[PDB]
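Protein chains in written order, with the entry's author numbering: chain B, 24 to 274, 282 to 397; chain A, 24 to 274, 282 to 397.
Note that beta-carbon positions come from the ideal geometry of N, C-alpha and C, so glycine has one too.
Okay, structure first, notes after.
2 protein chains.
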Amino acid sequence: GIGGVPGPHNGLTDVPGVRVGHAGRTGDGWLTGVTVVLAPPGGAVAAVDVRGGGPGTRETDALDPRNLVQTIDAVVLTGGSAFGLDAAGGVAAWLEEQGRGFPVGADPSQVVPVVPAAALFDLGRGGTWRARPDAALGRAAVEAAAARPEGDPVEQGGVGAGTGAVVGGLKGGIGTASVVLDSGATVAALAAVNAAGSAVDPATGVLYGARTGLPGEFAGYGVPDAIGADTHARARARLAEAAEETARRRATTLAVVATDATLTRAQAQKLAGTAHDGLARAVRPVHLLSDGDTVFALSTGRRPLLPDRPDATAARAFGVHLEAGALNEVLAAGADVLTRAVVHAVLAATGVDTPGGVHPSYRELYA
Amino acid sequence: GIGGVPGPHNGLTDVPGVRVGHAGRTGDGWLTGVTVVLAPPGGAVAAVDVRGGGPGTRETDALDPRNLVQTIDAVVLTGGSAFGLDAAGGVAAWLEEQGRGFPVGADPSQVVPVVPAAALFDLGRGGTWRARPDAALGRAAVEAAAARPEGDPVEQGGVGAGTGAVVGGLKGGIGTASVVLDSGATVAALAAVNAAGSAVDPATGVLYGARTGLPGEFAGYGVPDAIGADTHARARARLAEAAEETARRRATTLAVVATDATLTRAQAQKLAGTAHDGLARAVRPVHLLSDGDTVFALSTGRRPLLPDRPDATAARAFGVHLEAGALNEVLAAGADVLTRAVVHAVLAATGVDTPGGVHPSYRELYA
Numbered sequence: 024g025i026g027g028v029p030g031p032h033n034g035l036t037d038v039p040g041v042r043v044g045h046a047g048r049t050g051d052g053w054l055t056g057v058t059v060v061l062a063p064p065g066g067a068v069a070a071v072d073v074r075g076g077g078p079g080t081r082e083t084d085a086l087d088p089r090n091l092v093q094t095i096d097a098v099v100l101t102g103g104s105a106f107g108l109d110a111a112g113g114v115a116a117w118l119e120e121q122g123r124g125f126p127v128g129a130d131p132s133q134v135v136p137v138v139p140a141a142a143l144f145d146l147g148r149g150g151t152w153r154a155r156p157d158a159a160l161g162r163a164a165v166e167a168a169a170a171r172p173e174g175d176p177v178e179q180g181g182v183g184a185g186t187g188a189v190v191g192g193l194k195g196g197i198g199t200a201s202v203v204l205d206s207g208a209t210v211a212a213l214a215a216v217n218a219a220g221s222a223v224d225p226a227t228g229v230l231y232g233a234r235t236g237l238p239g240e241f242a243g244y245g246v247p248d249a250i251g252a253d254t255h256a257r258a259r260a261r262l263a264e265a266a267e268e269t270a271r272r273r274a282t283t284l285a286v287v288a289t290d291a292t293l294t295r296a297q298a299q300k301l302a303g304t305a306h307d308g309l310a311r312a313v314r315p316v317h318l319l320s321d322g323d324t325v326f327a328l329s330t331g332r333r334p335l336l337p338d339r340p341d342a343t344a345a346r347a348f349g350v351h352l353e354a355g356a357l358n359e360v361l362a363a364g365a366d367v368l369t370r371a372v373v374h375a376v377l378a379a380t381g382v383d384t385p386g387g388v389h390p391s392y393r394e395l396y397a
Numbered sequence: 024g025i026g027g028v029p030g031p032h033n034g035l036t037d038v039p040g041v042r043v044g045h046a047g048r049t050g051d052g053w054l055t056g057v058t059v060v061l062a063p064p065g066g067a068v069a070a071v072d073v074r075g076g077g078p079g080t081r082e083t084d085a086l087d088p089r090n091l092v093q094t095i096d097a098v099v100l101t102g103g104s105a106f107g108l109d110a111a112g113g114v115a116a117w118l119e120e121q122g123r124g125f126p127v128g129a130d131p132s133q134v135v136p137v138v139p140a141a142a143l144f145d146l147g148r149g150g151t152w153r154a155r156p157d158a159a160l161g162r163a164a165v166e167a168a169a170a171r172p173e174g175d176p177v178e179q180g181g182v183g184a185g186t187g188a189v190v191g192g193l194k195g196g197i198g199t200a201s202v203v204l205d206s207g208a209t210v211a212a213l214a215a216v217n218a219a220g221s222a223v224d225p226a227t228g229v230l231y232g233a234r235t236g237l238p239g240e241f242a243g244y245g246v247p248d249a250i251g252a253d254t255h256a257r258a259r260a261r262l263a264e265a266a267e268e269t270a271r272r273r274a282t283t284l285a286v287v288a289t290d291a292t293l294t295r296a297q298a299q300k301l302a303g304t305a306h307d308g309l310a311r312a313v314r315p316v317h318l319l320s321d322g323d324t325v326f327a328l329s330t331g332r333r334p335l336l337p338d339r340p341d342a343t344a345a346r347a348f349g350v351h352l353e354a355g356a357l358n359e360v361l362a363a364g365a366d367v368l369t370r371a372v373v374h375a376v377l378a379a380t381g382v383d384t385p386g387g388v389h390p391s392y393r394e395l396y397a
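Rendered as structure tokens:
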């Protein structure tokens, strides 16, 4: 079988045609950035599920399955809370220059790019309150995405929207993961992990998402799957004091899930919804009023959902429905790649220490 | 502090005034039933979140926050797939006889009960395909609820809507759990567990939901925390034997989350949504097209969200917001009690063997 393993680089760009670009500013009071997912020319079917109680979003109504524009070119994930939504204007400008957008006239230059965006709260974490992504930083991120080849490994850790991300007091960041289905379709996730809740079991120090991992995928990072009681106790203490200090100095998970399986917009909306179950398995608590958790789902529509002559082993819902069986595989994979991408984010992070926060990484505490 | 522990009986009726009624039919072709949650006189604020892709439901639109009838008296969970929604007519009939429902005339007897319901697929599991709940069985369930005192321990296992329930091929059933918040408010869940996906990690035999359990709460059921590789190899084979036999013979998780904290309908709707995160932590995959997963949330309005004596240790979102802080504690507890109620359902079950299916219990396989 060819399914159940990651794509070539275990990340979002294993979905062919998909590109990822990061732009960020660090130092001199800044700790923030923007991540852009750029669909291949001609666009991708897109949908969204906003599940956190305190979201900051742009252009999500345009992604409702009832609506006019079904395919889009770019999704924007950004720090700077609502102010950071300004970064999407820079991405819309770039798309316009490329002639990519919904056509609104006889002249092919006349397009209106639908650019959905969601933001995470990282204010002041570089030290300077008003240091937030703008249009120019948004443009830089999409230009970085465009300049990459197809199937290019995704950069993880403290980059793009993950630059100032913090997860339960630990340093968060960008993480990504992919899986190939038995049909040959790839499903993949990219997450900027900034949760109010924890990615770590408070009884043991174990990452919640780890048990969803595929064999050996986390070994590149060097953590013992046996964690000593004493190690975990020191870690709790270290995190507690970084949190107290952070508070004296100062005195949301955003994700894209993508597949090359052809989905209608309503099917991509259901995928964005099931991906949130993946988030719940990696972070607890999640979707609170303090979280702006949002998942965008993209389908490049390059592979049929179902092959031409299905076996007796083809998934069938209620033992009869081939299309539902195939979609159930994609949906379940969507949750799983998001769980795994959260773990990668947490393991890929390196700690920070700035005038607006001290946030050690998981590995600094446990590796 | 008094939070982070169960109420008196670790179940839905730890929310004062709430009553639970089961009615079912077993034998002679039958394996199905109905469970009714009955609010205290005057009703409870209610809301719903339907997240499965294959729901069978009644009166969910009436529960929208925008709409007329904000408080209800009963919620109905039923087997029988869409045919079993018939059970809700018997519950409405009883409520009308009691004078309980939305007033529609100057005459106190003129009421229209708004009785939301959701169904699970258990058809033919007793042997007879058309053996489904009807209005008589729904009436019997709500009559059973009314006859219980306040704070009555909830009956778990193969009863009510759980009678024919099966989770990943294992016997499912009714389960319940509660937790007390630092504020003294109680949050609790009741689940009829019938998932297409699994409550058990196929790699290890461990219940996904167990690590969310409160210490000791599962000690009564007598099952190991650590599962030997021999035991798991045996369990996996026994489950496959039962599945292959079931397939030869044959030729959704529904939940109510309740609290005594005063919530508006929109707040209860957020709580029904966060409870689904709890379901994801106990069952994988979940929310598929083959699942009609639905959570109803109820508030009895007996305790203000935040007291008049706000300690300096009171939860505050962003370090400032007391009400959002208090709501976040309820939201996070709603997830947790649902995860725990699912584990109780799986552990409380005992297996069945009928002409319509062979479904061993977790404990039969692993203890």
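Spatial neighbours of residue i within its chain, please: CB distance less than 7 Å, with the 5 preceding and 5 following residues excluded, ordered by chain position.
{"i": "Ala219 (chain A)", "result": "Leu318, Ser320 and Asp321"}
{"i": "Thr235 (chain B)", "result": "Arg311, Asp366, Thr369 and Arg370"}
{"i": "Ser391 (chain B)", "result": "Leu193, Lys194, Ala379, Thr380 and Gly381"}
{"i": "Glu173 (chain B)", "result": "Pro39 and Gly40"}
{"i": "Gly122 (chain A)", "result": "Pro131, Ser132 and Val134"}
So which residues of chain B does residue i contact, with C-beta pairs closer than 9 Å?
{"i": "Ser320 (chain A)", "result": "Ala347, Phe348, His351, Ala354, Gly355 and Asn358"}
Find the residues of chain A that neighbour residue i, judging by a C-beta separation of less than 9 Å, and give them in chain order.
{"i": "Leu361 (chain B)", "result": "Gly76, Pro315, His317, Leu318 and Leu319"}
{"i": "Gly187 (chain B)", "result": "The premise fails here: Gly187 (chain B) is roughly 16 Å from chain A at the closest Cβ pair, so nothing lies under 9 Å."}
{"i": "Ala365 (chain B)", "result": "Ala310, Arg314, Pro315, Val316 and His317"}
From residue i to residue j, what distance separates their C-alpha atoms?
{"i": "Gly381 (chain B)", "j": "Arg259 (chain B)", "result": "15 Å"}
{"i": "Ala288 (chain A)", "j": "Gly124 (chain A)", "result": "19 Å"}
{"i": "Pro238 (chain A)", "j": "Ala226 (chain B)", "result": "11 Å"}
{"i": "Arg272 (chain A)", "j": "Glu264 (chain A)", "result": "12 Å"}
{"i": "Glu353 (chain A)", "j": "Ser329 (chain A)", "result": "16 Å"}
{"i": "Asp205 (chain B)", "j": "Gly183 (chain A)", "result": "39 Å"}
{"i": "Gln133 (chain A)", "j": "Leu143 (chain B)", "result": "51 Å"}
{"i": "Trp117 (chain B)", "j": "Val223 (chain A)", "result": "48 Å"}
{"i": "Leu86 (chain A)", "j": "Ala298 (chain B)", "result": "26 Å"}
{"i": "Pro139 (chain A)", "j": "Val189 (chain A)", "result": "23 Å"}
{"i": "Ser221 (chain B)", "j": "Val246 (chain A)", "result": "28 Å"}
If I'm right that residue i touches residue j with Cβ under 8 Å, what's the distance once you round it to whole angstroms?
{"i": "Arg81 (chain B)", "j": "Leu61 (chain B)", "result": "Not quite, the Cβ-Cβ distance comes to about 17 Å (not below 8 Å), so this is no contact."}
{"i": "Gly387 (chain B)", "j": "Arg48 (chain B)", "result": "With 8 Å as the limit, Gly387 (chain B) and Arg48 (chain B) do not qualify as a contact, their Cβ atoms being about 16 Å apart."}
{"i": "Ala285 (chain A)", "j": "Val229 (chain A)", "result": "Incorrect: roughly 22 Å between the Cβ atoms, too far for contact."}
{"i": "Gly26 (chain B)", "j": "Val203 (chain B)", "result": "5 Å"}
{"i": "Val59 (chain B)", "j": "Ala168 (chain B)", "result": "5 Å"}
{"i": "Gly161 (chain B)", "j": "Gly196 (chain B)", "result": "Not a contact, Cβ separation roughly 19 Å."}
{"i": "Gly66 (chain B)", "j": "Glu166 (chain B)", "result": "Their Cβ separation, rounded to whole angstroms, is 18 Å, which puts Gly66 (chain B) and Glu166 (chain B) out of contact at 8 Å."}
{"i": "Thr55 (chain A)", "j": "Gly187 (chain A)", "result": "4 Å"}
Can you name the residues of chain B whose CB is closer than 8 Å to the CB of residue i?
{"i": "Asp145 (chain A)", "result": "Chain B residues near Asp145 (chain A): none, gap ~13 Å exceeds 8 Å."}
{"i": "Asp84 (chain A)", "result": "Result: empty, since nearest Cβ-Cβ is about 17 Å, beyond 8 Å."}
Can you tell me which residues form a DSSP beta bridge with residue i?
{"i": "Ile95 (chain B)", "result": "B:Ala67"}
{"i": "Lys300 (chain A)", "result": "Answer is none; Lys300 (chain A) lacks a bridge partner."}
{"i": "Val287 (chain B)", "result": "B:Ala212 and B:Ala327"}
{"i": "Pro126 (chain A)", "result": "A:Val134"}
{"i": "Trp53 (chain B)", "result": "B:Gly50"}
{"i": "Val382 (chain B)", "result": "B:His389"}
{"i": "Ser221 (chain A)", "result": "A:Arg314"}
{"i": "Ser201 (chain B)", "result": "B:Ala211"}
{"i": "residue 278 (chain A)", "result": "Note on chain A: consecutive modelled numbers read 274 then 282, so residue 278 (chain A) has no coordinates in the structure shown."}
{"i": "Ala140 (chain B)", "result": "B:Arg81 and B:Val99"}
Mind listing the chain A neighbours of residue i? Cutoff is C-beta to C-beta under 7 Å, in chain order.
{"i": "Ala274 (chain B)", "result": "What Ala274 (chain B) touches in chain A: nothing, since even the nearest Cβ is about 10 Å away."}
{"i": "residue 278 (chain B)", "result": "Here residue 278 (chain B) is not present, the numbering of chain B passing from 274 to 282 in one jump."}
{"i": "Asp248 (chain B)", "result": "Ordered by position in chain A, no residue passes the 7 Å Cβ test against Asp248 (chain B), which lies about 13 Å from the chain."}
{"i": "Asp224 (chain B)", "result": "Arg234"}
{"i": "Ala296 (chain B)", "result": "Those do not exist, as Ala296 (chain B) stays about 11 Å from chain A at its closest Cβ, beyond 7 Å."}
Tell me which residues share the same chain as residue i and place their Cβ nearer than 8 Å to its Cβ, disregarding the 5 neighbours each side in the sequence.
{"i": "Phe241 (chain A)", "result": "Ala233, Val373, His374 and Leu377"}
{"i": "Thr294 (chain B)", "result": "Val68 and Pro88"}
Any heavy atom of the ligand ZN inside 8 Å of the beta-carbon of residue i?
{"i": "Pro88 (chain B)", "result": "Of ligands this structure carries none, so the ligand ZN is not represented either."}
Under 7 Å Cβ-Cβ, which residues of chain B neighbour residue i?
{"i": "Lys300 (chain A)", "result": "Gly76"}
Using a cut-off of 8 Å between C-beta atoms, extract the partners of residue i located in chain A.
{"i": "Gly303 (chain B)", "result": "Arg74 and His317"}
Report all residues from its chain with a CB closer than 6 Å to the CB of residue i; omit the five preceding and five following residues, and keep chain order.
{"i": "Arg171 (chain B)", "result": "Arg42"}
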